[PDB]
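As structure tokens, one chain now follows by itself in the form deposited in one PDB entry.
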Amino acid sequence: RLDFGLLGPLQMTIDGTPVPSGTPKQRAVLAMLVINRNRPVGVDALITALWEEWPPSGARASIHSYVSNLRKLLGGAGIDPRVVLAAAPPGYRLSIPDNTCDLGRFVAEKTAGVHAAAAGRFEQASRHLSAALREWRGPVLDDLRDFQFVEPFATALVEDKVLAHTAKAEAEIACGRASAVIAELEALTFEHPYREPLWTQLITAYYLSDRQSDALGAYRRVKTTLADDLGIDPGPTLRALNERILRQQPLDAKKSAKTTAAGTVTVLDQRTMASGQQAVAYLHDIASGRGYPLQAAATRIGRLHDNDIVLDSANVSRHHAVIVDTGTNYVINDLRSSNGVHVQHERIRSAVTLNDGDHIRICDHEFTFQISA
């Protein structure tokens, strides 16, 4: 009877009917609880998410009132609000099945699409990916964009949205429908001009639709865009693709789609321990050997003691970085820090998806990111 939406303005629906979830601060409590579904969120964490550096004197009283209000709303679905939104010494926990959250459905459908493509079942990969993408209503938590915590979470989920758009195109191209994905890829390369995998699929689609000129033209366009805007060359995948197209060599779109999926299966596998219980990701401090579990959806890193991982050095920014677990990927975000964030020994420009074993540097602190620990 209860359903929650993060992929657009925050939504709480009872029996399919939206229920207004309160004032912005109360809505932010609900958002944090849905983001951290089935895990406790501490009262201190809630206070930080709501008021950042400046909570009012009665911040805890307000939290108590928001939980009370939310429970009254939840009780409209005929459930026990004290079980569904449970109070723990470690804070508050919203207990809801994954599939009752739009993000949870997105995760399940994307995973199903990956497994299908890995097995070379491109028709059902495409069907799953379409279902995944239908879960998106608008910008992540659009009604709460003024809250700091939304920014890295939204940015992280867009990484996954792009990957789904890309995998969907791969599947369609593999199914012989290159011509039919072109318009959507054109629109996506405008919304996401710097996403090279999107351009790779568009150029592939042009070329397999007997439009070599448009394919070559699109490569020239992305090359110009990346050069002027970012100061970078296109990656090896785009470069190799253009070379094939220049020489009018055949492409193997089925094999490409299979290869991509098989690579993703690997990542999906290391997240899952053999006993169904999901694996905990860790940052392992190289110098000290100390392991920092990535327990929550968002792990906050910086100099200030309110961070989840505290780096006590004067050169580290107050709030330096956040690693977000999207349910599919772990993505690190640089929070406009002075020194930046360095992954695999290069400065990240926005946010980057982390791979198991990645070297991460923040100022003088160096870590191995590990997905399986």
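Residue indices: 1-based, along the sequence shown.
Omitted from view is the form deposited with a partner chain bound, to which the following refers.
Any idea which of 65-73, 338-346, 321-329, 43-51 reaches within 4.5 Å of its partner chain in the bound PDB entry, heavy atoms considered? Stretch with heavy atoms near the partner: 338-346.
Does its partner chain come within 4.5 Å of any heavy atom of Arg105 in the bound PDB entry? Heavy-atom contact with its partner chain at 4.5 Å: absent for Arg105.
Report yes if any heavy atom of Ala61 sits within 4.5 Å of a heavy atom of its partner chain in the bound PDB entry; otherwise report no. Contact with its partner chain, no.
Although its partner chain is absent from this view, report whether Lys254 comes within 4.5 Å of it in the bound PDB entry, heavy atoms only. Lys254: no, not in contact with its partner chain in the bound PDB entry.
If you check in the bound PDB entry, is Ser317 within 4.5 Å of its partner chain, heavy atoms only? Yes, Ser317 is a contact residue.
Could you spot which one of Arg127, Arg195, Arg303, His284 gets a heavy atom to within 4.5 Å of its partner chain in the bound PDB entry? Exactly one listed residue reaches within 4.5 Å, namely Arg303.
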